[PDB]
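Protein chains in written order, with the entry's author numbering: chain D, 3627 to 3659, 3669 to 3737, 3741 to 3861, 3868 to 3914, 3922 to 4091; chain W, 1454 to 1494, 1510 to 2024, 2030 to 2237, 2245 to 2346, 2350 to 2361, 2366 to 2383.
First up is the structure itself, then whatever we jot down about it.
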Amino acid sequence: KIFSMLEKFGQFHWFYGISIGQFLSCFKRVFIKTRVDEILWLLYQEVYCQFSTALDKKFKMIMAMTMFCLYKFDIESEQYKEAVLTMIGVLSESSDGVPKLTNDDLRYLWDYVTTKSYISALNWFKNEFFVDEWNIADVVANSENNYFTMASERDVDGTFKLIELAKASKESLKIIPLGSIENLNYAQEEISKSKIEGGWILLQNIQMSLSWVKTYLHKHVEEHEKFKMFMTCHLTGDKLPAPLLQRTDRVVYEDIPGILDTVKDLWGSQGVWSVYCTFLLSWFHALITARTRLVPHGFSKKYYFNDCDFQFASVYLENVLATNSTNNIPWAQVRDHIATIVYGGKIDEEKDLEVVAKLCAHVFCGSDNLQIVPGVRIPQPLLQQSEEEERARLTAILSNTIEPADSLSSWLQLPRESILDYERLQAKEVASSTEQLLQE
Amino acid sequence: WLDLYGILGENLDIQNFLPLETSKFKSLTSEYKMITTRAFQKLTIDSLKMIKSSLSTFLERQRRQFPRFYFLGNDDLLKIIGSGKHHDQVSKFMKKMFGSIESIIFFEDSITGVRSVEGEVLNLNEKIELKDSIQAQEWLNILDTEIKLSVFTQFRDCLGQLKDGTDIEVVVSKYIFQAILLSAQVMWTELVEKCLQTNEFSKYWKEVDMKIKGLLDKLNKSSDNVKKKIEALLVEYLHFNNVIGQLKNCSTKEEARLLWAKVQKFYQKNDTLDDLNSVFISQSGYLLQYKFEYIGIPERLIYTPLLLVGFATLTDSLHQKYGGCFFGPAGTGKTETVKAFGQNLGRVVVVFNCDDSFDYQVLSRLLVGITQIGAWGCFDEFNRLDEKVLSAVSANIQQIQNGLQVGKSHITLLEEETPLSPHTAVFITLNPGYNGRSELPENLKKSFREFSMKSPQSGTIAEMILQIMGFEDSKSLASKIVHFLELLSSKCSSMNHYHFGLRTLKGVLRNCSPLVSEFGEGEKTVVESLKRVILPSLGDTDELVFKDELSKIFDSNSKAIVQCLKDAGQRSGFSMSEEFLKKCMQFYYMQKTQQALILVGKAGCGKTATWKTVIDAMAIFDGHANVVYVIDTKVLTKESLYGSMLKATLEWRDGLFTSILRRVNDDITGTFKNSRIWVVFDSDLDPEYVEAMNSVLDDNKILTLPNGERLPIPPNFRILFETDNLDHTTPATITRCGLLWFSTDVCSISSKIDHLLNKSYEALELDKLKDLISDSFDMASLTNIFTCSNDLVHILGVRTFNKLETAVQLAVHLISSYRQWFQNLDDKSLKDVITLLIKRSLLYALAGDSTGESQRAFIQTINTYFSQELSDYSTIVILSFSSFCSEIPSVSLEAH
Ligand SMILES: Nc1ncnc2c1ncn2[C@@H]1O[C@H](COP(=O)(O)OP(=O)(O)OP(=O)(O)O)[C@@H](O)[C@H]1O
Ligand SMILES: Nc1ncnc2c1ncn2[C@@H]1O[C@H](COP(=O)(O)OP(=O)(O)O)[C@@H](O)[C@H]1O
Ligand SMILES: [Mg+2]
């Protein structure tokens, strides 16, 4: 049943294809890592953790919900199945009807869907059933295969993630972008040298030398422990060969949907005032990237805030704190530079410049009692602490934060009805796809 | 052979590098000497071309010796290396290597100084001793160092003199513009910091206002060099006054400090023993180093807020050795902003016009050329590159950035280890959202810092430029100009070629510059400039809209050129109607200042008839000879139009336009000095073909070839575009060229008939035959016949205006053919015969592309509207009118 679901996913998108060998390797990993139910549960956890990284966010939610539905429909009774199906239908706007009350998580999902919190309703299945997730590092560290393919849409790149992974693994990457015959020859020689000697190698934009990919890469993957290969392709680009894709581990790189999750990621990726400014910049970057995806209401277009803007803003903050040692930090200067130069260079519409200026004024106001979100307050550092103490205090005040269900409106300071429409449309798409998938 | 003898046949200890090439050169020299002796008493060119292959590595090593040779062609490199005793060959390529130097001043086997493009003379500190033993690269390197030291010395002298307390009005007459500019900027930032230490700004504001007024007064009585220098210092001093006034109006100290931090500050180190690294430029907390490279007196830009924010983001990108990226619509100030940033940083920014022909090898060779020099490279129109090349060169660009950031001495690109100068940087100015342009990959976009300049500040530019021109009322006039442009953009028909942005305002100002001598610096001048710039590009109703809004917002002889046009048209047989003369006026006025022109109208509307006669009349008026190179753009291939890189030996082959530009630049025979050169592109305006000339058409006036060659555009070299529709053309190639829209045909039906007639007669008693043919013609019935011909069904729809040709040639050829039997018949019979011949010509020219029933209807209507009657089968035999049935021969085919 799971293999049929994954085959349907591969029917939807060429990158989502599934090979029986990969599924059987996952089944073997289930044993490498009331009994038969336990093996079935471990199988579900492993297949989710392995093949979720090869799907984007909407397909992640679709597959998580359909696996939860399959497991819980086989395990629980028919009334449970009817209640879950009615909740999916009212999420899909196909069958409007209250569920039959029995357990405990059922009322949690009912409260999530009655309060029109569609994102929480979609992620409830992930939060309830599955208890593990994998990033690129986990995929690389838990794969017998030495060939990897990473896919993302246009105007986003995960090369910096691979560079960070190689730095953390004490390896060497030879970034060889594709598109010209000289790069192809260099890639051939580097592949031979890295097979004989070792070291990682990344080919960039492999959808742009498709003939070479179809002949040389196909024959090479067809036929040293410290040798790994990475290839980056676009989800909206031209179709890659199926035999090449099925022989490589597939990863979809995409920005973290959460706000607090993005704050924690940017915080873990990194005197006291430098740490404070880094915390404020990470919060600002997470907030602006969360607001960016709201195309018509949060902004006026689709923008792309990435690690380069964070690096440039952090360097500017460090330089400002370095050349202004009199503790009279020019917060207005920082606000203007971050809103106009670093994060405002991409902004083309003046009203989006105004909203990013408002965000910078809210974040970098330079107040002792700053309330960046309705729940968490960030007090300014004292003059008797240390860098490690400030790091620990900011991490602790980050850990106590609990992201609410209505955090796409309250945290971004937006009208509630636009968020209602966006979440409703996304949940309708996800639930309609899941309904069309489950009946067959 | 002279180049070969210079490189190898004359210099000693230079033939020991390549012994096989040495033997080949010796054999070629012996053969050439034998041929010359035989001549004085094909195969050689083939042998020379064969031995050019062994010279490629030698030329590459020579370019490695002096990195500025990368901007020169192989033939130019041969010329510069070979001429080791003449020493005047090197002065010809100063603009190609440096950019702001046109020649070298030589005095008795020594180098006294260099001269800028505009004519400024820079005197070197120490005269360079030149001997026959030394070769080009060593003294060129020491000349570059001497130029940098001379710029620093004049800067220091001017700064010390200004610190002594004297006014700038006596100092501007002593040193070059760059020295005065940098010293004035250092003084301004020092004095503004002193004022910001206190809270008083009115005193220095009044002092700066008095300085500006004194400069404006001194401009009226100065020479051209001094006038240009005073204009540029006035731009800088207006920026100074704007910043000081903005600081004075500030409410509190913190916002004043923020405003001062947002603007460029020109400090100077007072402890460094290195002279060339003593000046650093500060903005937004970052610091960048002045290079003291010669700039000359460029066309300085007005310091708009957008310009300052662009400077800030360029500094932000370059602080981490990242690339600077500018994107937005056409004519918004991206390339000029990059060039102004370079000029403020004391170096000439080398701009490259990207193209589909720039493959990975070409772009990487340009990258190693600019990294070895240390020059600032601007890659104009980065979207025009193929996406595969964009992905491929990402590794090279990232390697350049990493080497700059980590201070690596060498970087390896194109399979060679070359030095990496720390002064280099890369800039790109792309135009997203346009058809025919690729999209940059994100791995390449993360290597550049992009900034948006969708909307510039036209009002400030217009106000400051008009004030500099010497206009009594500048603020109100600039506001009126910008408001008129906005109403013209809003209240006109929304068809694609109407663009009223910054480029047309700049054209209006440039056209208003030269007629103030006889119209005066007032409102008549600006309204006349607005007419001369905008009216040719407007239609019929939009012309009335232009007149209405011009009268609403603006309350307020050329006899010789009209006579020249009339004489040229009389020679060419054209008719000077109101529309034709109006179009010729518009073309002449808009070509007087704009160098690239587009002619758009219906097919056969009269574009060629317009520009040909205007060119002839200008040749009459000025006395200058004219050369025209009419090229059909889409007939040729892009590689056949600009040039192709031969992959067999990595050598360059010129195209057609490149060949013409090189032929006019070389000036071998000296007959192109005092001539106007026209290159007409009489085909469709393909973005791929034309946008490769973006740097050619704008104020850069340079042709950036793939192999690094930089051919300048002479001021008398003008480009004409002849087409019908601008459907696929981008606004990038529309705003750069003055557009002459043809709303209707410039010729009446009878005037075109007469022109075709007398052209045919000139192509051939004869006067009597011409008079009788014209008497047979009757315009009163001809117009009705032409009007009735429009109701017929025509395949391959051709306008009746275009069918007069075929009728005229048929009639004239019939009369010429039958002229043999035209001396033995009465006048009435001759008139009837010519009438029948002209009637059948009109039939087969107007309804000849229609069905048989339509042809019968048309012969009926031409009989009713005319005279000997012509039937469907009427004919003339040898001269009696008859039918077809008496002409059919008996045919009895055999079996086989
Ligand atoms: N002022 C004029 N007086 C007489 N005849 C004229 C005049 N202007 C144009 N014509 C006639 O118009 C005809 C077509 O004009 P012209 O040769 O300028 O076409 P064009 O603009 O180059 O058109 P296309 O784009 O179709 O090639 C000419 O052959 C000429 O006989
Ligand atoms: N302060 C200014 N900023 C921008 N452009 C200016 C300014 N002053 C004058 N100009 C003129 O406006 C024109 C704008 O061209 P530009 O937009 O730089 O070309 P591109 O479209 O290739 O970037 C230039 O020709 C320049 O001469
Ligand atoms: Mg440009």
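The C-beta atom is built at its ideal place from N, Cα and C for all residues, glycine as well.
Residue i and residue j closer than 8 Å at C-beta
i, j, result
"D/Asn-3821", "D/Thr-3892", "no"
"W/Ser-1859", "D/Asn-3843", "yes"
"residue 3596 of chain D", "D/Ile-3829", "In the structure as shown, chain D starts at 3627 and stops at 4091, and residue 3596 of chain D therefore has no counterpart that could be examined."
"W/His-2228", "W/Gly-2046", "yes"
"D/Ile-3813", "D/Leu-3840", "yes"
"W/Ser-1568", "W/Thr-2122", "no"
Residue i: first and last residue of the uninterrupted beta strand (DSSP E) it sits in
i, result
"D/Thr-3787", "3785-3790"
"W/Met-1963", "No beta strand (DSSP E) contains W/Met-1963, which DSSP labels as neither H nor E."
"D/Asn-3975", "Where D/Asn-3975 is concerned, there is no enclosing beta strand (DSSP E), given that its DSSP letter is neither H nor E."
"W/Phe-2014", "Element bounds for W/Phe-2014: not the beta strand (DSSP E) but the alpha helix (DSSP H), 2009-2021."
"W/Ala-1893", "1893-1898"
"W/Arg-1905", "First-last for W/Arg-1905: undefined, no H or E at that position."
Backbone secondary structure at residue i - three-state DSSP
i, result
"D/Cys-4016", "coil"
"D/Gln-3984", "helix"
"W/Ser-2350", "coil"
"W/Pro-2204", "helix"
"W/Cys-2372", "coil"
"W/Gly-1581", "strand"
"D/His-3868", "coil"
"W/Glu-2195", "strand"
"W/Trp-2125", "strand"
"W/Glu-1918", "strand"
"D/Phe-3649", "helix"
"W/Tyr-1643", "coil"
"W/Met-2118", "strand"
"D/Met-3873", "strand"
"W/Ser-2367", "strand"
"W/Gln-1603", "coil"
"W/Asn-1979", "helix"
"W/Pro-1887", "strand"
"W/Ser-1923", "coil"
Chain-ordered chain D contacts of residue i [CB-CB under 9 Å]
i, result
"W/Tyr-1828", "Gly-3817, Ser-3818, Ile-3819, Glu-3820 and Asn-3821"
"W/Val-1857", "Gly-3817 and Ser-3818"
"W/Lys-1721", "Residues of chain D passing the Cβ test: none, with the nearest at roughly 11 Å."
"W/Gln-1788", "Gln-3962, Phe-3963 and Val-3966"
Partner residues on chain W for residue i, Cβ-Cβ distance less than 7 Å
i, result
"D/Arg-3944", "Result: empty, since nearest Cβ-Cβ is about 17 Å, beyond 7 Å."
"D/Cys-3959", "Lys-1914"
"D/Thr-3991", "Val-1777"
"D/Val-3971", "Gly-1753"
"D/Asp-3793", "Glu-1910"
Neighbour flag for residue i against chain A, beta carbons, 8 Å
i, result
"D/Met-3873", "The chain labelled as chain A is not found among the protein chains of the depicted structure, namely D and W."
Contact set between residue i and chain D, taken where Cβ atoms lie within less than 8 Å
i, result
"W/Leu-1726", "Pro-3981, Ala-3983, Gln-3984 and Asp-3987"
"W/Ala-1860", "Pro-3815, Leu-3816, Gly-3817, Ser-3818, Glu-3820 and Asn-3821"
Within chain W, the residues that residue i reaches when beta carbons sit closer than 8 Å
i, result
"D/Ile-3998", "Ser-1920"
Opening and closing residue of the alpha helix (DSSP H) in which residue i lies
i, result
"W/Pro-2160", "2160-2163"
"D/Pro-3815", "No alpha helix (DSSP H) holds D/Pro-3815; the beta strand (DSSP E) holding it covers 3813-3815."
"W/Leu-2310", "2307-2326"
"W/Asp-2155", "Segment 2148-2155 is the beta strand (DSSP E) holding W/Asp-2155; no alpha helix (DSSP H) there."
> When a residue counts only if its C-beta is closer than 5 Å to some heavy atom of ligand 3, which residues count, in chain order?
Replying inline: In chain order, the residues with a C-beta atom nearer than 5 Å to some heavy atom of ligand 3 are W/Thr-1803, W/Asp-1848 and W/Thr-1897.
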